[PDB]
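> A single structure is presented below for examination.
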Amino acid sequence: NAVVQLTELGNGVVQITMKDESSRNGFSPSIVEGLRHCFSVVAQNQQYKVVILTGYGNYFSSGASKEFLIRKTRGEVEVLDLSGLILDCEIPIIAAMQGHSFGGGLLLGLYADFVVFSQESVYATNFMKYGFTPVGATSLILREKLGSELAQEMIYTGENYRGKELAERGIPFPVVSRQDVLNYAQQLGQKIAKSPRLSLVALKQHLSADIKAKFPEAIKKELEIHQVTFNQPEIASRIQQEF
Amino acid sequence: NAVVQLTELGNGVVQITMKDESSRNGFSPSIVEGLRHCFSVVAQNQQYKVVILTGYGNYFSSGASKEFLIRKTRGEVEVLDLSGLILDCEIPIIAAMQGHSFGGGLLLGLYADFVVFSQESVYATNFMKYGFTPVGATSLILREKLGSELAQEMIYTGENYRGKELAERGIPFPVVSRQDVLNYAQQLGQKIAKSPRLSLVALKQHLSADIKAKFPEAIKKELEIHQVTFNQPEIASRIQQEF
Amino acid sequence: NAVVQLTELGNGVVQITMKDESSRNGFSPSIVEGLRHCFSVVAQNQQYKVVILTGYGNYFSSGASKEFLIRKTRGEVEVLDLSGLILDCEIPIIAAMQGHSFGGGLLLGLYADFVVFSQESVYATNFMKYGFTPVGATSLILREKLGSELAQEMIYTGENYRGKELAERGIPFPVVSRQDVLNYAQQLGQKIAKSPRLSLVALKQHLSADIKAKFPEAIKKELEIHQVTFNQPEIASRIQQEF
Ligand SMILES: [Cl-]
Ligand SMILES: [Cl-]
Ligand SMILES: [Cl-]
């Protein structure tokens, strides 16, 4: 079976579930392709009104793998960018992050319209842990959605934060026990789906406008700085020591 | 007696009290006219420094009536906009929302410089409950003042939130028991009124500048989308079922 | 010994400590000159990665003195602006505000990248207490860093807020007991300093860009309004009564 699966929850709410156990929901070729496919299916079914994006087990999304980053130090690969995949979806998305989210994997959820975190799981913008600056419009999205201060500390330190620690810190998203994350998202999705699809699409376009206007330049600027800071002598060794 | 009354609280603090019991402080012709009149009186008295805007009993403001919305589906009336009334006032305003605030009625309070909510009362941007998108620069004002995440959820769902629920959610305004709302506002007003009027007027103009610059386009854009989403076949029936 | 001293904490973290007991860390000529000197020393040592800025005893920074303000009413002096001093530093700064911070002294800390407040100490943007409008891009910086609502109330009232009161209000910075403030800052600094200096400098430039773009006009606009509201008949007497 494909590693990304779409299921119907009723009343126009659907769930896209990532389950690439081999990569722990990393940005593997099969995850990228399965996300593209499932979002294509969503775009084609006019009856769908809300997407719930979620992981499996202990993982929401692990982002780019350390093996991938090592390949990148040799100039073997370029930067993965799944933002267009998520941002192109015209109906509201709730990211039910029932498991850990690291780097690009945290951004993947934060690109969504609503986000739910697990109390027990760990979340990180870990770029600076490896010693280099973010990609993916990290600063734009984190400042908008987590607030400038959490965004600042998470980006500078690159550390792992449990959901509970983020809640205690006043993160402006719900943080609930792992076994309740998906249920919470589903309940919110059903409330949202009470509205006509036309109104949901129109509202989302309106609400998303300001960030969408700023997104391309944000991606470009982060990419440019990333290319300088990633390609420094000591980075390969720093990545090696995180395995 | 007129349904909107102005009283003096001392030291330049004044109270404008809405009491159209027949419409539960809806955007009735008498409320609109009485607000215009009382704000005219304020503009003319140089001794006034702070306005406290409040309701009566269980209601702060009910916004546009369901009867009005039904008339609108027939093209009988156009969209009410009380923003200019509030935003034109040059001295600070505290909205003492001791009662419920629905739709335009919640926005009416949020146009103020300071806002106090009742723990027991209910608050909603209920446009999407009826199935159509907001008016009144709802997204601009809610994102600025409640934060992007509360704003997102309240606008998408259209649901009723008690003050207590909003406080638990980390709303950045004081939320106190209903019997304490007006007193809290009055105490804050007296602190503010310790400053020279010239300085209050100058400061408010400075602080209000960025939102005021964005307001006209926000109103226009919301109006345009509203006209499309309001005029869809199923909306009249949705409004009917909310009586 | 000089009233501002630089010490090394290890791993590239340094501490700049203000101790002008005679002015309670006011914007005295010796504080201004000692801050300039110590930040020059920092700029010249490539091994330094994080600056912790702190006070002594009960005071972080008292900003402009009342004696200074009285001199200003006579047109004896112009407005002090230490923003360029702080904003020019290319490495991250943590303001460990273990003591009180008043007026420009609160802004001095808030210009930093990270800020830690004492539970027991008092904080104020006290301009309006004297009866005149802020300087130093107060509204820009407070709205960005404390949030629009705390910023609004603190600026309008000019009152003294204990750290504890700000924490209860949901301020988005850590607030800890006075005896723990510097330790907390030092611990955060050591986490930050784990990154390569090149990456810290690049990230800070990127993150600071939007505020830096807006800063000059903010300073200019506040200065212009300040000049009008400060030079009103009753201000000298208001300042007199705050001694
Ligand atoms: Cl479904
Ligand atoms: Cl009065
Ligand atoms: Cl050191």
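In order, the protein sequence lines correspond to chains A, A' and A''. A prime marks a further copy of an entry chain. Residue numbers for the first sequence follow PDB author numbering, so the first one is 15 and each next one is one higher. Residue numbers for the second sequence follow PDB author numbering, so the first one is 15 and each next one is one higher. Residue numbers for the third sequence follow PDB author numbering, so the first one is 15 and each next one is one higher. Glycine included, C-beta positions come from ideal geometry on N, C-alpha and C.
Using a Cβ-Cβ cut-off of less than 9 Å, give me the residues of the stretch 52-84 of chain A' that come near chain A, in sequence order.
Of all residues in the stretch 52-84 of chain A', none has a Cβ within less than 9 Å of some Cβ in chain A.
> Interface residues of chain A'' around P148 of chain A' at Cβ under 9 Å?
As a working note, residue 148 of chain A' is residue 134 in the second sequence. Near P148 of chain A' there are no residues of chain A'' at all, since even the closest Cβ is about 20 Å away, more than 9 Å.
> Between which residues of its own chain and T139 of chain A is the CB-CB distance below 7 Å, once the five residues before and five after are set aside?
Reading the first sequence from its first residue, position 125 is the one you call residue 139 of chain A. Only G117, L120, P148, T152, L156, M168, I169, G172 meet the Cβ criterion.
> Per the contact definition of three or more C-beta pairs closer than 8 Å, is the stretch 100-117 of chain A' in contact with the stretch 59-75 of chain A'?
Yes, since at least three Cβ pairs between the stretch 59-75 of chain A' and the stretch 100-117 of chain A' fall closer than 8 Å, the two stretches touch.
> Quick one: what does DSSP say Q60 of chain A is sitting in, helix, strand or coil?
Position 46 of the first sequence, counted from the start, is the residue given in the question as residue 60 of chain A. Three-state result, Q60 of chain A: coil.
> Is it the case that the CB of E163 of chain A' approaches a heavy atom of ligand 3 more closely than 7 Å?
As a first step, residue 163 of chain A' is located in the second sequence; it is residue number 149 there, counting from the start. Flag unset: Cβ of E163 of chain A' not near ligand 3.
> Measure the beta-carbon distance from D34 of chain A to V56 of chain A and round it to whole angstroms, keeping in mind my assumption that it falls under 8 Å.
Against the first sequence, residue 34 of chain A aligns to sequence position 20. Against the first sequence, residue 56 of chain A aligns to sequence position 42. The Cβ separation is near 19 Å, so there is no contact.
> Can you list the residues of chain A'' that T243 of chain A reaches, using a CB-CB cut of under 9 Å?
If you number the first sequence from 1, residue 243 of chain A lands on position 229. Neighbours of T243 of chain A on chain A'', chain order: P210, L212, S213, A216, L217.
> Tell me which residue opens and which closes the alpha helix (DSSP H) that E81 of chain A' is part of.
Here residue 81 of chain A' corresponds to residue number 67 of the second sequence, with the count starting at 1. Note, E81 of chain A': alpha helix (DSSP H), 80-87.
> Reducing DSSP to helix, strand and coil, say where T152 of chain A ends up.
To locate residue 152 of chain A, count along the first sequence from 1; it is residue 138. The answer is helix: DSSP assigns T152 of chain A an H, G or I state.
> For chain A'', find out if any of its Cβ atoms is closer than 8 Å to the Cβ of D95 of chain A'; answer yes or no.
The sequence position of residue 95 of chain A' within the second sequence is 81, counting from 1. With 8 Å as the cut-off, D95 of chain A' does not count as an interface residue toward chain A''.
> Mind pulling the chain A' residues with CB within less than 7 Å of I239 of chain A''?
To locate residue 239 of chain A'', count along the third sequence from 1; it is residue 225. By Cβ distance, chain A' contributes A216, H220.
> Measure how close the beta-carbons of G123 of chain A and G77 of chain A come, nearest whole angstrom, since I'm counting them as under 8 Å.
Here residue 123 of chain A is taken as the residue at index 109 of the first sequence, counted from 1. Here residue 77 of chain A is taken as the residue at index 63 of the first sequence, counted from 1. That belief does not hold up - the Cβ atoms of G123 of chain A and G77 of chain A are roughly 10 Å apart, past 8 Å.
> Given a limit of 8 Å on CB to CB distance, which residues of the stretch 113-137 of chain A'' reach chain A?
Residues passing the 8 Å Cβ filter: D127, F128.
> Please classify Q166 of chain A'' as buried or exposed, where buried requires at least 16 neighbouring CB atoms within 10 angstroms.
As a working mapping, residue 166 of chain A'' is identified with position 152 in the third sequence. Result: buried.
> Am I right that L99 of chain A'' and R50 of chain A'' are in contact with their C-beta atoms under 8 Å? What's the rounded C-beta distance?
Locating residue 99 of chain A'' in the third sequence gives position 85, counting from the first residue. Locating residue 50 of chain A'' in the third sequence gives position 36, counting from the first residue. 6 Å between Cβ atoms; contact.
> At 9 Å on the CB atoms, spell out the chain A' contacts of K235 of chain A'', in chain order.
Sequence index remark: in the third sequence, residue 235 of chain A'' carries index 221 (1-based). Here the neighbours are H220, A223.
> Report yes if the C-beta distance between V27 of chain A and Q133 of chain A is below 8 Å; otherwise report no.
What you label residue 27 of chain A is simply residue 13 of the first sequence in a count that begins at 1. What you label residue 133 of chain A is simply residue 119 of the first sequence in a count that begins at 1. Contact: no.
> Which bits of chain A does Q166 of chain A' rub up against, with CB to CB less than 8 Å?
For the purposes of this step, residue 166 of chain A' is identified with residue 152 of the second sequence, where counting begins at 1. Ordered by position in chain A, the residues that pass the 8 Å Cβ test against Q166 of chain A' are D127, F128, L221.
> Got a sec: does ligand 1 put a non-hydrogen atom nearer than 7 Å to the Cβ of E22 of chain A?
Counted from its first residue, the first sequence places residue 22 of chain A at position 8. Checking every heavy atom of ligand 1 against the Cβ of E22 of chain A, one is found closer than 7 Å.
> Under the criterion of a Cβ to heavy atom distance below 7 Å, does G26 of chain A'' qualify as lining ligand 3?
Numbered from 1 along the third sequence, position 12 holds the residue referred to as residue 26 of chain A''. At least one heavy atom of ligand 3 is nearer than 7 Å to the Cβ of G26 of chain A'', so yes.
> Roughly how many angstroms lie between the CA atoms of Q193 of chain A'' and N25 of chain A', to the nearest whole one?
Translated into the one-based positions of the third sequence, residue 193 of chain A'' becomes position 179. Translated into the one-based positions of the second sequence, residue 25 of chain A' becomes position 11. So the two alpha carbons sit approximately 41 Å from each other.
> Determine, using beta-carbon pairs with one atom in the stretch 223-241 of chain A and one in the stretch 208-221 of chain A'', whether at least three such pairs fall under 8 Å.
Short answer: they touch.
> In terms of residue numbering, what span does the beta strand (DSSP E) encompassing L23 of chain A'' cover?
By one-based count along the third sequence, residue 23 of chain A'' stands at place 9. Here the beta strand (DSSP E) through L23 of chain A'' covers 18-24.
> CA-CA distance, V189 of chain A' and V242 of chain A'?
Within the second sequence, numbered from 1, the residue matching residue 189 of chain A' stands at position 175. Within the second sequence, numbered from 1, the residue matching residue 242 of chain A' stands at position 228. Straight-line Cα distance between these residues: approximately 36 Å.
> Enumerate, from N- to C-terminal direction, the unbroken beta strand (DSSP E) stretches of 3 or more residues contained entirely within the stretch 119-200 of chain A.
Segments of the beta strand (DSSP E) lying fully in the stretch 119-200 of chain A: 128-132, 136-138.
> Take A250 of chain A and list the residues in its own chain whose beta-carbon comes closer than 8 Å to its own, dropping the five residues that flank it on each side.
The count along the first sequence starts at 1 and reaches residue 250 of chain A at position 236. If we look at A250 of chain A and ignore the five residues flanking it on each side, its Cβ neighbours are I84, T87.
> What is the DSSP secondary structure of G48 of chain A'', counted as helix, strand or coil?
What you label residue 48 of chain A'' is simply residue 34 of the third sequence in a count that begins at 1. It is helical.
> In angstroms with no decimal places, state the Cα-to-Cα distance between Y125 of chain A and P230 of chain A'.
Translated into positions along the first sequence, residue 125 of chain A becomes position 111. Translated into positions along the second sequence, residue 230 of chain A' becomes position 216. Distance between the alpha carbons of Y125 of chain A and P230 of chain A': 28 Å.
> According to DSSP, which residues form a beta bridge with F244 of chain A?
By one-based count along the first sequence, residue 244 of chain A stands at place 230. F244 of chain A pairs with nothing; no bridge assigned.
> At the 8 Å Cβ level, is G203 of chain A part of the contact set with chain A'', yes or no?
Translated into positions along the first sequence, residue 203 of chain A becomes position 189. It does not: the Cβ of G203 of chain A has no partner Cβ on chain A'' nearer than 8 Å.
> Look at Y73 of chain A and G48 of chain A and say whether their C-beta atoms are less than 8 Å apart.
Along the first sequence, one-based indexing puts residue 73 of chain A at 59. Along the first sequence, one-based indexing puts residue 48 of chain A at 34. No, these two residues do not count as a Cβ contact at 8 Å.
> In whole angstroms, give me the CA-to-CA distance for residue 258 of chain A and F187 of chain A.
In the structure as shown, chain A begins at 15 and stops at 257. Residue 258 of chain A is therefore absent and cannot be evaluated.
> Please list the residues of the stretch 243-257 of chain A' that have a C-beta atom closer than 7 Å to any C-beta atom in chain A, keeping them in chain order.
Within the stretch 243-257 of chain A', the qualifying residues are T243, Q246, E248.
> Could you tell me which of A'':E158, A'':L164, A'':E163, A'':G177 sits nearest to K226 of chain A'', measuring between CA atoms?
As a working note, residue 226 of chain A'' is residue 212 in the third sequence. Minimum Cα distance to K226 of chain A'' is reached at A'':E158.
> Please look up how many angstroms separate the CB atoms of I45 of chain A' and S37 of chain A', rounded, as I've assumed it's under 8 Å.
Working through the second sequence from its first residue, we reach residue 45 of chain A' at position 31. Working through the second sequence from its first residue, we reach residue 37 of chain A' at position 23. With a Cβ gap of about 7 Å, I45 of chain A' and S37 of chain A' count as contacting.
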